[PDB]
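Residues per chain, in single letters:
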Amino acid sequence: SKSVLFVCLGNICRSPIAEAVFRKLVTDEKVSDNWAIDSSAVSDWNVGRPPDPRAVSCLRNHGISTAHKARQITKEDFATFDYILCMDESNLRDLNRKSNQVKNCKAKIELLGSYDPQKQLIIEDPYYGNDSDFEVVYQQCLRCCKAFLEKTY
């Protein structure tokens with residue numbers, strides 16, 4: 001099996017989208033049993049919240065949905081997941097800090113964007129934007145998740 005944890009600052013816009021998209025992709029390829037997939041936040045501000053309504057609507061526009069509710073990343077996550085894929089530079093620095101504080105860091109911590117064929121390294125926070133900003137994020141997530149999946153296989 002293989003495990004991937006998607007992470008953003010609040011776990012209500014970007015990482016719930018990446019997670020739903022990745023889950024959709026492995027389900028379509030029938031390999032979903034070989035994957036453990038989750039998402040979480042650097043912060044604890046939104047813990048227990050389902051994703052932003054704009055993220056939910058964005059997903060729904062592509063025939064996708066998620067039962068996720070927000071949680072903070074924990075020490076165990078670093079011990080558990082093979083891959084921790086984050087969205088921007090500040091997430092990456094926060095995760096690199098937290099990883100130095102844990103006994104056993106198994107996870108490879110990477111920008112999701114580093115898998116982008118188009119080389120857009122950063123997936124920016126659409127929270128203060130509109131529906132088009134959510135669509136841009138969705139397209140980045142999709143193409144990165146496709147390349148991540150295809151690189152492994």
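As stated in the entry header, the method of structure determination is X-ray crystallography and the reported resolution is 1.900 Å.

K.L.:
Go over the nonpolar core with me, naming the residues and quoting the values.
P.N.:
If you look at soluble globular proteins, the nonpolar side chains tend to sit buried side by side. Ranked by size, the top nonpolar core spans 34 residues in total, and within it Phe 6, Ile 17, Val 21, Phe 22, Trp 35, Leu 112 and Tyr 138 carry the most contacts. Only β1 (2-8), α1 (14-28), β2 (35-41), α2 (53-61) and α5 (131-152) provide two or more residues apiece to this core. Counting residues per element, this core draws most heavily on α5, at nine residues. Among residues more than four places away in sequence, those in contact with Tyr 138 are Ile 17, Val 21, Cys 58, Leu 59, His 62 and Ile 64.

K.L.:
An account of the pattern of salt bridges is requested, with residue identities and associated values reported.
P.N.:
Inspection of the entire model under this criterion finds 10 salt bridges. Among the ionic pairs, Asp 28 bridges to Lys 24, the shortest N-O distance being 3.7 Å. A residue pair is termed a helical-turn pair when its members lie 3 or 4 positions apart in one helix, as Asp 28 and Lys 24 do in helix α1 at four residues. Overall, the relative accessible area of 38% leaves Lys 24 in the partly exposed class.

Criteria and thresholds
- Residues numbered from 1 in each chain as written, not as in the entry; some residues may be left out.
- Heavy atoms only, no water.
- Core = buried A, V, L, I, M, F, W, Y, C linked by side-chain atoms within 4.5 Å.
- Buried < 20%, exposed > 50% of the residue type's maximum accessible area, 1.4 Å probe, protein only.
- Helix = DSSP H or I, 4+ residues; strand = E, 2+ residues; numbered from the N terminus.
- Contact = heavy atoms within 4.5 Å.
- Salt bridge = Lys/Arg side-chain N within 4 Å of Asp/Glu carboxyl O.

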